[PDB]
C-alpha cells in the first residue's frame, strides 16, 4: 500500500488494560484493514515479587509485568507511540516478533529518558507473538527485568481449528511468565539496591548460571491465585495466551486439558489437540483453547513442578457450574480400610 492509501485507512485508538485481562476487540474483523493506535509508557520501578519482601527493579511497559497484550487483525497496521519519561534512567526500545525489519523495530525505537517515538508496522502474519525491549549490549538484562509482553494478530475471519471449523472463545486471559535472577548476599538473603544500574553486575553473574531464583506469572508469586484467580463457568470457551520472552515453559491446566493448542503460537500452523502439557520455547508465545466441563478450582502451571510450586509458576482458575458424574466420580470416598 502507498502512503496515501495507508493515510486514508480508518483509524482506531485502543485503551490498553492490565494483564491477565485483554482490551475489547472483535474476533472476526469488522470491515477492511485499519491503523490501530496504542500508547505505552515505560516505568522503571521497584516491585515485590514474593511474600518474603523480595524486591526487584522492574522495567515495565505500562507499569506491569508482563506488559499488556495488544490485539489486531492480520493486515491491520499497528502504530505504537512509545514514551520514556524524563524520570527514568535508561534508554529503552521495543522489538515486536510480529514485525518485519530493523530487528523487529528495535533499531528504530531507541529512546532516552525524556523522549518518545512512533513506530508503525504491518501485521502480516497471524498468531500470538512476543515483544520485548532489546537495547544493544544490554538485551537480556532488560528482558529479565520484566520488559516484555505479547500481541495477538487474529486471522480476519477469526480462529479456526485444523479443518476449517470456527473456534469462538467467550473469555481470553493473558499469562505472562517471567524468570527473575535475584542476587543473594553471603548469607543467602536477597539483596536490595537503590537504583536499577547498581544491581546490574551482580544480576549478570546470577544470569550466567542460567538458574532463575523465581519463575512467576503476572509479576509475582501467587499473583493469580486466591481472590485473583481467573474465572470461568462450565460450558464456557476460554483462550489462554502464554508468553515467555527468555526461557522455556511447559503449560498444563491441572484438572483440564488443551483442547486445541497452537504451541508455537502461529494460527496458520494447525493446532495440536487434546494436550495435557504443551511446550513454549523461550522467545515465543503460545495459545490454548479449552471448554470447561467441570466446576471447581483448577491449577494452571509450568509443569516442571519444582518451578511451579517452589519457584512460583502457578495460577488458579475458579470455575462455577454443576458437577458431571459421568466424567468423574468418587465411588468410595477416602475411608479407613475395614479390618
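Residue numbers count along the first chain shown, from 1.
For the pair 220-228 and 104-112, the record assigns the higher mean C-alpha temperature factor to 220-228.
The mean C-alpha temperature factor is higher for 153-161 when 153-161 and 113-121 are set side by side. Of the candidates 243, 187, 246, 93, the one whose C-alpha carries the top B factor in the deposited record is 187.
In the deposited coordinates, the residue among 215, 167, 133, 72 with the greatest CA B-factor is 167. When all modelled residues of the chain are sorted by CA temperature factor, residue 79 is found within the middle third. Split the chain's modelled residues into thirds by C-alpha temperature factor. Residue 285 is in the lowest one. For residue 67, the recorded CA temperature factor ranks within the lowest third of the chain's modelled residues. Ranked within its chain, residue 26 lands in the highest third, by CA B factor from the PDB record. Residue-level temperature factors show residue 183 in the highest third of its chain, judged at the C-alpha atom.
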